[PDB]
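Participant: The structure that follows is given in the form of structure tokens.
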Amino acid sequence: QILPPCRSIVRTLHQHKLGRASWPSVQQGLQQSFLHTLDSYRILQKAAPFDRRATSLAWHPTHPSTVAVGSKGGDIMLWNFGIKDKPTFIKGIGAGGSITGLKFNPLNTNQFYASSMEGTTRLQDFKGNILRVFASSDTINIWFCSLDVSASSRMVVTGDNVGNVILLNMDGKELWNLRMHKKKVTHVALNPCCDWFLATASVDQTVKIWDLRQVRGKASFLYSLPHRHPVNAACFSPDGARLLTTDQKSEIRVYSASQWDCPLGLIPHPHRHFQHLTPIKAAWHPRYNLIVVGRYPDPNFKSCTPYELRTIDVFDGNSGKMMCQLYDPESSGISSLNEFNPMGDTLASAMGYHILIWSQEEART
Amino acid sequence: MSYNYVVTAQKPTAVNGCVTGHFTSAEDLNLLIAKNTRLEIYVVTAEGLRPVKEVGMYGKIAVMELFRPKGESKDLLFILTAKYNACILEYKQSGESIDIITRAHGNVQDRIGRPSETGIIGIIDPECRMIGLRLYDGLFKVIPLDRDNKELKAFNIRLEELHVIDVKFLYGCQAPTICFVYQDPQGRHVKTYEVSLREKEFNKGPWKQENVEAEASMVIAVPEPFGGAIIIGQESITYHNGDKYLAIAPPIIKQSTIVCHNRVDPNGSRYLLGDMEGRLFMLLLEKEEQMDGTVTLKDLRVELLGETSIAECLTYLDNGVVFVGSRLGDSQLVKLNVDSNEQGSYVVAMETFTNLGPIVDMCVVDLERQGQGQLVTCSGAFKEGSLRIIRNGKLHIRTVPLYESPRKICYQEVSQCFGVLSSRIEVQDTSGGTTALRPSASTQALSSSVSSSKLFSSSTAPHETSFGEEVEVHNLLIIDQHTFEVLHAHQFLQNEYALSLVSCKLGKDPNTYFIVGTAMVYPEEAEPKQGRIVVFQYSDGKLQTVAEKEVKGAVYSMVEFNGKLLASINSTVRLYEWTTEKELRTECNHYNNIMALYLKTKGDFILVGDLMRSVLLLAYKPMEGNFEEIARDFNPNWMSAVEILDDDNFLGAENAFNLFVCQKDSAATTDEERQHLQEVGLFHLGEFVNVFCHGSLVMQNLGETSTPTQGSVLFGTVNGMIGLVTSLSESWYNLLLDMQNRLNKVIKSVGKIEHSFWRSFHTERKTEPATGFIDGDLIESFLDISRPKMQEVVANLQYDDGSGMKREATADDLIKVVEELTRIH
């Protein structure tokens with residue numbers, strides 16, 4: 001609610017219609033408007049349970065109300081809102097086959113890629129049929145951790161708990177599996193505006209920017225950014241120019257195109273890591289310069305706000321400070337994951353044993 | 001499955017840039033003018049301009065500067081596009097044939113980057129050692145001017161200062177040196193850097209950084225013998241050069257921001273300055289002599305010359321003549337006299353050049369003859385604002401100056417007049433309310449009225465207003481269709497903006513009313529929380545208040561709907577009926593919106609344009625009196641306008657200057673699939689579309705069966721460009737697409753830019769080739785190429801003339817096709 005200097009929306013809109021004022025000023029004002037209306041999301045719309053804990057989340061890119069989610073026990077759910085047709089389910093071993101990475105297929109929306117603790121990077125349908133296994137550990141106590149895909153390049157990529165990343169085509173053709181790190185890789189991600197430089201994060205207190213076509217020589221990498229603590233995720237923006245990274249103790253950093261090494265800014269925020277808790281992953285908003293993250297208080301962290309609850313915090317990217325706080329009782333669990341729709345009208349949250357939807361207010365005639 | 005054809009009817013008129021130099025020959029004085037895709041080249045005369053050439057580029061000219069490398073007998077021309085196409089061009093004339101030959105071209109786009117807030121900046125060192133470009137924060141792109149740099153390869157230098165206000169190359173430096181003003185939490189400051197090519201880095205500039213005025217906004221690099229730089233701000237003007245420091249604070253400049261400058265004397269001794277209110281000033285440099293023979297700046301003085309259109313740019317030509325290039329008003333040629341007239345102005349207008357832009361709204365009416373449509377456009381902005389009346393038989397344009405800003409227009413046949421929403425600027429008076437700065441249509445009407453609806457003042461609060469805050473005062477004007485005299489003016493409430501207007505009949509009532517939607521405006525509100533629907537009746541030369549309805553939000557759009565009134569207020573759509581007692585009564589509501597700006601109708605279907613969520617198709621359900629959601633465009637797009645081509649085809653325009661066409665999913669077997677519109681057409685227009693409207697300018701040959709085009713939708717743009725969109729069958733689309741490819745292999749692109757790249761769908765999020773759209777301008781370009789090359793275009797081309805069997809196409813066949821196509825606008 002509390003917001004900084006800004007005014008004259010209809011004025012700015014007409015000035016844009018005249019060509020006087022540039023578009024980004026309007027974009028700033030409307031980012032402010034979106035946060036303002038986000039302060040009226042307070043009425044939590046929907047809750048959804050199933051069995052063992054949620055571990056990974058993904059949005060159907062084309063459709064707003066549908067979402068896919070993967071559990072701690074190999075349990076996948078596909079769920080649509082306003083349908084009430086008893087959502088789609090598939091079970092797994094339930095104990096040690098925790099899926100941990102999940103993105104939709106841009107081609108066949110009723111498919112999905114997945115990375116499992118069983119040691120099986122697979123591509124499987126929501127109907128149960130395993131389409132194709134992509135890799136394998138072939139030795140237990142060695143499993144996969146990370147996964148992503150790109151369509152413009154037609155590439156698939158996935159990371160391990162030991163330090164090596166794999167890169168395949170949609171029809172196999174594996175020319176990769178060189179080692180990148182010495183320990184587990186939490187997240188990996190591809191650029192949207194270009195197609196052939198990559199980002200990876202790990203427990204090594206380092207996050208790495210790669211050139212997936214040019215480097216082949218066992219740590220002849222392109223760039224390496226250090227950290228004070230491990231990193232749970234490093235995710236690109238949709239514009240491709242601002243890279244977000246998130247630690248385990250208390251930090252977020254924004255790196256630019258210009259000198260990947262040096263940082264533009266650091267966004268301190270506590271999301272302290274824990275064993276049985278699902279690891280925390282900050283995320284962009286696809287069409288603004290906002291960031292949305294879940295909080296996990298630490299009594300020792302120097303809080304700027306005087307009220308410290310298990311809240312969902314939102315920030316502006318290119319400034320550093322906050323603009324909104326989501327909270328709803330009956331949901332005092334801790335939203336490990338939070339992801340806005342690529343559409344831009346709906347938000348999904350993953351708490352322990354719960355999936356939540358935070359949509360906007362329904363008005364009265 | 002949707003195939004459309006789009007063509008320009010009136011090229012853009014707004015001026016984006018202007019420069020002077022010696023381009024066509026060392027002896028010629030040339031003026032170059034940029035209107036957003038068009039480059040016009042004139043010769044300067046004692047009396048004015050001789051037109052020499054007009055070209056289109058496959059690109060938006062963003063930078064245009066002339067330069068003369070060593071060893072060249074005449075200047076070369078550097079141009080940069082918004083898609084980051086850089087090119088160096090040379091003028092070549094032989095006989096009556098003039099062609100611009102490509103000496104250099106290359107794409108300076110980065111693999112990644114965010115375009116900057118103050119936009120693209122491009123500058124060229126006075127000694128032609130390098131070109132500098134500011135595209136992204138934190139970077140400075142350098143194109144070295146080597147003879148071998150035909151690909152215009154470049155290197156990046158980090159810039160520590162991320163928020164740059166302005167930058168220029170300095171004169172009189174023995175190495176290339178930049179001077180620029182930037183913003184940081186400490187304020188605004190000015191700094192310099194030398195540019196080392198061999199290190200590919202900045203080096204320390206010759207003189208230290210200085211703090212400058214908080215609104216320091218423009219930098220001018222001063223040539224020798226003065227050297228140094230002038231920094232222009234909102235409240236102060238400073239000059240800095242090494243140990244030299246001189247500042248002035250003339251009160252005169254406080255009323256309006258200086259936004260453009262121009263060098264009068266090659267040695268820098270005088271400048272012209274233009275402000276946001278169109279005032280034109282002289283800036284005079286006083287010399288101070290020194291024993292060593294150099295000359296430094298002793299003092300600066302400013303003298304008001306007069307008033308012009310609000311100038312985007314200025315160029316002094318010669319003999320006291322100045323060209324004033326405007327995007328907001330008509331461009332001008334003015335004459336500078338040494339002595340003033342009776343009122344104290346030194347400016348006299350010589351020539352006026354039409355500007356249609358900004359086109360914020362327009363409508364088609366058969367003013368004179370049935371079937372002969374004429375366009376009436378809301379044109380211009382502030383004191384330069386106008387109506388423009390355009391008719392065929394190429395085109396005759398009548399200008400009606402309004403001296404204020406129009407917003408919407410509709411025609412009310414039964415009263416034989418037009419209603420126009422307008423707004424003027426007022427400032428605080430000495431002791432009272434507010435006062436206008438000059439007379440205008442709303443202040444020069446035949447009759448006047450004042451409001452009395454006190455529903456607005458619900459918990460009014462006193463706000464302290466600093467001295468001289470400007471305000472927008474909105475009015476409804478009643479205008480004679482024949483004489484365009486101001487028949488009536490109705491002033492709305494203070495701080496209330498009127499945004500939408502319709503003239504229509506309602507219910508079973510045979511009277512016609514003017515309906516206006518408004519919003520109460522306070523500075524601190526992120527969105528409006530209160531507004532009005534106001535129903536007026538026009539008779540006996542005045543508006544009479546018929547009805548009012550108060551709502552809690554801004555009424556973006558309204559339309560008559562089967563005798564009912566549909567309205568969009570921020571995130572809601574409401575439907576009102578007009579009762580026997582002359583009030584609006586709600587039938588039903590729809591709620592699932594972010595911000596519903598744009599509405600259009602056909603039958604019982606409604607196309608909703610969102611601020612940020614591209615377009616939505618709703619249907620009114622007459623047998624239950626509520627809405628059903630039919631389909632939605634699930635691709636996010638920041639809309640600027642929408643339009644219904646027909647029951648099955650839906651047009652949209654987005655901030656990245658692209659158009660798209662959506663359809664229902666015909667191959668859908670489920671409600672979920674049926675609810676998804678598919679973006680089946682895409683096209684980079686290169687313009688900002690504010691308004692579509694149904695109508696046509698060309699005389700309709702009633703019953704003209706078997707023409708290529710179907711439907712007719714005109715649209716208006718900020719730059720004054722007017723275009724037409726129409727629908728096409730599949731076969732004609734295939735024919736004309738093959739024609740596009742063949743022509744594109746033939747046409748010489750200035751800067752060697754590919755046409756597909758130019759017309760390619762392009763945003764910061766995605767770049768895709770165009771689809772479903774024919775570039776009518778490209779097709780029209782067939783007629784100006786030589787006949788052998790026309791035969792080349794149709795070489796090995798299979799063609800079906802009329803209805804029959806396919807055969808080889810001849811050049812004459814395609815000449816006839818394109819000639820027939822030219823008559824649609």
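Chain labels A, B, ... are given in the sequence in which chains occur in the structure tokens; within each chain residues are numbered consecutively from 1, and ligands are likewise numbered from 1 in the order shown.
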Identify, with DSSP run on backbone atoms, the residues in segment 482-709 of chain B assigned to strand (DSSP E or B), and express the list as number ranges by chain.
Facilitator: B: 486-491, 496-505, 512-520, 531-539, 542-551, 555-561, 564-569, 572-578, 584-590, 596-602, 605-610, 615-621, 626-632, 639-646, 649-654, 658-663, 676, 678-684, 689-694, 709
Participant: To test your reading of the structure, identify every residue in segment 511-690 of chain B that backbone DSSP assigns to alpha helix (DSSP H), and report it as a PyMOL selection string.
Facilitator: chain B and resi 671-674
Participant: Pull the closest atom pair for each residue of chain A that gets at most 7 Å from chain B, along with the distance in Å to one decimal, counting only C-alpha atoms, ordering rows by chain and then ascending residue number, as JSON lines.
Facilitator:
{"residue": "A:6", "atom": "CA", "partner": "B:524", "partner_atom": "CA", "distance": 7.0}
{"residue": "A:7", "atom": "CA", "partner": "B:523", "partner_atom": "CA", "distance": 5.0}
{"residue": "A:8", "atom": "CA", "partner": "B:523", "partner_atom": "CA", "distance": 5.8}
{"residue": "A:9", "atom": "CA", "partner": "B:526", "partner_atom": "CA", "distance": 6.9}
{"residue": "A:17", "atom": "CA", "partner": "B:690", "partner_atom": "CA", "distance": 6.2}
{"residue": "A:18", "atom": "CA", "partner": "B:358", "partner_atom": "CA", "distance": 5.3}
{"residue": "A:19", "atom": "CA", "partner": "B:718", "partner_atom": "CA", "distance": 6.2}
{"residue": "A:24", "atom": "CA", "partner": "B:117", "partner_atom": "CA", "distance": 6.6}
{"residue": "A:33", "atom": "CA", "partner": "B:526", "partner_atom": "CA", "distance": 5.8}
{"residue": "A:62", "atom": "CA", "partner": "B:634", "partner_atom": "CA", "distance": 6.4}
{"residue": "A:193", "atom": "CA", "partner": "B:765", "partner_atom": "CA", "distance": 6.6}
{"residue": "A:194", "atom": "CA", "partner": "B:111", "partner_atom": "CA", "distance": 6.5}
{"residue": "A:238", "atom": "CA", "partner": "B:765", "partner_atom": "CA", "distance": 6.3}
{"residue": "A:239", "atom": "CA", "partner": "B:765", "partner_atom": "CA", "distance": 5.3}
{"residue": "A:240", "atom": "CA", "partner": "B:112", "partner_atom": "CA", "distance": 6.2}
{"residue": "A:241", "atom": "CA", "partner": "B:113", "partner_atom": "CA", "distance": 5.1}
{"residue": "A:257", "atom": "CA", "partner": "B:113", "partner_atom": "CA", "distance": 6.6}
{"residue": "A:258", "atom": "CA", "partner": "B:138", "partner_atom": "CA", "distance": 6.5}
{"residue": "A:343", "atom": "CA", "partner": "B:636", "partner_atom": "CA", "distance": 6.4}
{"residue": "A:365", "atom": "CA", "partner": "B:589", "partner_atom": "CA", "distance": 6.8}
Participant: Would you export the selected residues with C-alpha atoms as a compact mmCIF listing (two decimals), in the first residue's frame, please?
Facilitator:
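Written output follows (selection.txt):
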# COMPACT_ATOMS: atom_id res chain seq x y z
CA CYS A 6 4.01 8.75 -8.55
CA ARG A 7 0.84 10.30 -9.96
CA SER A 8 -1.29 11.24 -12.95
CA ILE A 9 -2.06 7.88 -14.53
CA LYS A 17 -1.05 8.46 -26.83
CA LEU A 18 0.53 11.81 -27.84
CA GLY A 19 4.09 10.49 -27.96
CA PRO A 24 8.91 2.92 -19.55
CA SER A 33 -0.60 -0.15 -9.96
CA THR A 62 -0.47 -21.07 -22.25
CA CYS A 193 16.38 -13.75 -25.73
CA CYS A 194 19.50 -15.58 -26.78
CA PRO A 238 12.40 -13.17 -19.47
CA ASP A 239 14.03 -10.07 -20.88
CA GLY A 240 17.36 -11.82 -20.34
CA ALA A 241 19.38 -8.86 -19.06
CA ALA A 257 24.92 -8.05 -18.68
CA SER A 258 27.60 -5.47 -17.94
CA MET A 343 -0.05 -15.04 -17.89
CA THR A 365 -22.49 -5.77 -7.84
Participant: By how many Å are atom CA of residue 614 of chain B and atom CA of residue 83 of chain B apart?
Facilitator: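 Distance reported for this atom pair: 23.2 Å.
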Participant: Env of residue 50 of chain A: 12 Å cut, atoms = only C-alpha atoms, seq-sep filter 5 positions within chain, self excluded. Answer as a list in words.
Facilitator: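 The residues that qualify are residues 69, 70, 71, 72, 73, 75, 76, 77, 78, 79, 86, 87, 88, 89, 90, 91, 350, 351, 352, 353, 354, 355 and 356 of chain A.
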Participant: So that I can check the surroundings of residue 5 of chain B, please list as a VMD selection string every protein, DNA and RNA residue that reaches within 6 Å of it, counting only C-alpha atoms and ignoring chain neighbours fewer than 4 positions away.
Facilitator: chain B and resid 725 to 726 773 to 774
Participant: Could you save those same residues with N, CA, C and O atoms as a short mmCIF file (atom, residue, chain, number, x, y, z; two decimals), in the first residue's frame?
Facilitator:
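Final output, out19.cif:
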data_model
loop_
_atom_site.label_atom_id
_atom_site.label_comp_id
_atom_site.auth_asym_id
_atom_site.auth_seq_id
_atom_site.Cartn_x
_atom_site.Cartn_y
_atom_site.Cartn_z
N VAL B 725 -6.54 -0.98 -43.04
CA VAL B 725 -6.47 -2.43 -42.92
C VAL B 725 -7.73 -3.01 -43.55
O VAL B 725 -8.82 -2.45 -43.40
N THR B 726 -7.56 -4.13 -44.25
CA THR B 726 -8.68 -4.83 -44.86
C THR B 726 -8.39 -6.32 -44.83
O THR B 726 -7.27 -6.75 -44.57
N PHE B 773 -0.08 -10.92 -42.72
CA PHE B 773 -0.20 -9.52 -43.09
C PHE B 773 0.62 -9.23 -44.33
O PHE B 773 1.77 -9.66 -44.44
N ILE B 774 0.02 -8.50 -45.27
CA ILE B 774 0.70 -8.01 -46.45
C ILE B 774 1.07 -6.55 -46.24
O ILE B 774 0.25 -5.75 -45.79
#
Participant: As a PyMOL selection string, please: the residues near residue 160 of chain A (cut-off 7 Å, only C-alpha atoms, same-chain neighbours under 6 positions excluded).
Facilitator: chain A and resi 143-146+184-185
Participant: Just checking: using only C-alpha atoms, which residue out of B:581, B:713, B:529, B:641 ends up closest to residue 546 of chain B?
Facilitator: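 Of the candidates, the smallest distance to residue 546 of chain B is held by B:581.
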Participant: Can you tell me how far atom CA of residue 175 of chain B sits from atom CA of residue 199 of chain B, in Å to one decimal?
Facilitator: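 Going from atom CA of residue 175 of chain B over to atom CA of residue 199 of chain B, I get 12.9 Å.
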Participant: Near segment 101-113 of chain A, within 7 Å and counting only C-alpha atoms, which residues show up once chain neighbours fewer than 2 positions away are dropped, as a PDB file with N, CA, C and O atoms, in the first residue's frame?
Facilitator:
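As written to disk, out_12.pdb reads:
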ATOM      1  N   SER A  56       8.310 -29.301  -6.030  1.00  0.00           N
ATOM      2  CA  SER A  56       8.565 -28.541  -7.243  1.00  0.00           C
ATOM      3  C   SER A  56       7.245 -28.125  -7.865  1.00  0.00           C
ATOM      4  O   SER A  56       6.228 -28.804  -7.712  1.00  0.00           O
ATOM      5  N   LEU A  57       7.284 -27.009  -8.588  1.00  0.00           N
ATOM      6  CA  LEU A  57       6.087 -26.371  -9.099  1.00  0.00           C
ATOM      7  C   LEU A  57       6.334 -25.878 -10.514  1.00  0.00           C
ATOM      8  O   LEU A  57       7.453 -25.498 -10.866  1.00  0.00           O
ATOM      9  N   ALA A  58       5.272 -25.867 -11.319  1.00  0.00           N
ATOM     10  CA  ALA A  58       5.389 -25.397 -12.690  1.00  0.00           C
ATOM     11  C   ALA A  58       4.020 -24.992 -13.206  1.00  0.00           C
ATOM     12  O   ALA A  58       2.998 -25.584 -12.845  1.00  0.00           O
ATOM     13  N   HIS A  60       1.428 -24.315 -16.418  1.00  0.00           N
ATOM     14  CA  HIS A  60       1.062 -24.496 -17.816  1.00  0.00           C
ATOM     15  C   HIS A  60       1.237 -23.143 -18.497  1.00  0.00           C
ATOM     16  O   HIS A  60       0.513 -22.199 -18.156  1.00  0.00           O
ATOM     17  N   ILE A  99      10.763 -36.117  -6.681  1.00  0.00           N
ATOM     18  CA  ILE A  99      10.993 -35.249  -7.824  1.00  0.00           C
ATOM     19  C   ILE A  99      11.408 -33.884  -7.301  1.00  0.00           C
ATOM     20  O   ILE A  99      10.899 -33.413  -6.276  1.00  0.00           O
ATOM     21  N   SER A 115      13.023 -34.605 -12.920  1.00  0.00           N
ATOM     22  CA  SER A 115      14.258 -35.095 -12.326  1.00  0.00           C
ATOM     23  C   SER A 115      13.934 -35.649 -10.950  1.00  0.00           C
ATOM     24  O   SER A 115      13.265 -34.982 -10.153  1.00  0.00           O
ATOM     25  N   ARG A 122      13.431 -38.185 -16.482  1.00  0.00           N
ATOM     26  CA  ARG A 122      12.448 -38.747 -17.391  1.00  0.00           C
ATOM     27  C   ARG A 122      11.613 -37.658 -18.044  1.00  0.00           C
ATOM     28  O   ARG A 122      11.616 -36.497 -17.633  1.00  0.00           O
ATOM     29  N   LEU A 123      10.921 -38.069 -19.099  1.00  0.00           N
ATOM     30  CA  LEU A 123       9.902 -37.279 -19.767  1.00  0.00           C
ATOM     31  C   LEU A 123       8.675 -38.169 -19.847  1.00  0.00           C
ATOM     32  O   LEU A 123       8.731 -39.251 -20.449  1.00  0.00           O
ATOM     33  N   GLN A 124       7.588 -37.725 -19.217  1.00  0.00           N
ATOM     34  CA  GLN A 124       6.454 -38.581 -18.901  1.00  0.00           C
ATOM     35  C   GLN A 124       5.170 -37.777 -19.052  1.00  0.00           C
ATOM     36  O   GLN A 124       5.159 -36.553 -18.890  1.00  0.00           O
ATOM     37  N   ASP A 125       4.088 -38.484 -19.353  1.00  0.00           N
ATOM     38  CA  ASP A 125       2.781 -37.878 -19.533  1.00  0.00           C
ATOM     39  C   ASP A 125       2.013 -37.857 -18.217  1.00  0.00           C
ATOM     40  O   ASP A 125       2.260 -38.651 -17.308  1.00  0.00           O
ATOM     41  N   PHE A 126       1.054 -36.932 -18.132  1.00  0.00           N
ATOM     42  CA  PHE A 126       0.149 -36.865 -16.991  1.00  0.00           C
ATOM     43  C   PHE A 126      -0.831 -38.031 -16.941  1.00  0.00           C
ATOM     44  O   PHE A 126      -1.566 -38.154 -15.956  1.00  0.00           O
ATOM     45  N   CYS A 145      19.369 -33.454  -9.594  1.00  0.00           N
ATOM     46  CA  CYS A 145      18.855 -32.366  -8.766  1.00  0.00           C
ATOM     47  C   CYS A 145      18.186 -31.242  -9.550  1.00  0.00           C
ATOM     48  O   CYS A 145      17.278 -30.588  -9.028  1.00  0.00           O
ATOM     49  N   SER A 146      18.622 -30.998 -10.785  1.00  0.00           N
ATOM     50  CA  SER A 146      18.205 -29.821 -11.539  1.00  0.00           C
ATOM     51  C   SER A 146      17.784 -30.209 -12.945  1.00  0.00           C
ATOM     52  O   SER A 146      18.202 -31.237 -13.471  1.00  0.00           O
ATOM     53  N   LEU A 147      16.998 -29.334 -13.571  1.00  0.00           N
ATOM     54  CA  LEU A 147      16.446 -29.633 -14.882  1.00  0.00           C
ATOM     55  C   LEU A 147      15.842 -28.377 -15.490  1.00  0.00           C
ATOM     56  O   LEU A 147      15.191 -27.599 -14.791  1.00  0.00           O
ATOM     57  N   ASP A 148      16.069 -28.187 -16.788  1.00  0.00           N
ATOM     58  CA  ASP A 148      15.366 -27.164 -17.554  1.00  0.00           C
ATOM     59  C   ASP A 148      15.447 -27.522 -19.033  1.00  0.00           C
ATOM     60  O   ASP A 148      16.177 -28.431 -19.437  1.00  0.00           O
ATOM     61  N   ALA A 151      13.036 -24.390 -26.076  1.00  0.00           N
ATOM     62  CA  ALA A 151      12.390 -24.741 -27.332  1.00  0.00           C
ATOM     63  C   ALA A 151      13.017 -24.058 -28.537  1.00  0.00           C
ATOM     64  O   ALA A 151      13.148 -24.681 -29.595  1.00  0.00           O
TER      65      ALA A 151
END
Participant: Of the candidates A:63, A:269, A:249, A:310, which shows the shortest atom-to-atom distance to residue 677 of chain B, using only C-alpha atoms?
Facilitator: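 Using only C-alpha atoms, the shortest distance to residue 677 of chain B belongs to A:63.
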Participant: So which residues touch segment 508-517 of chain B within 8 Å, counting only C-alpha atoms, skipping near sequence neighbours fewer than 3 positions away, as a list in words?
Facilitator: residues 412, 414, 419, 498, 499, 500, 501, 502, 503, 504, 505, 531, 532, 533, 534, 535, 536, 537, 538, 554, 555, 556, 557, 558, 563 and 580 of chain B
Participant: From the list A:35, A:188, A:234, A:264, which residue is nearest residue 313 of chain A when using only C-alpha atoms?
Facilitator: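 Counting only C-alpha atoms, the residue closest to residue 313 of chain A is A:35.
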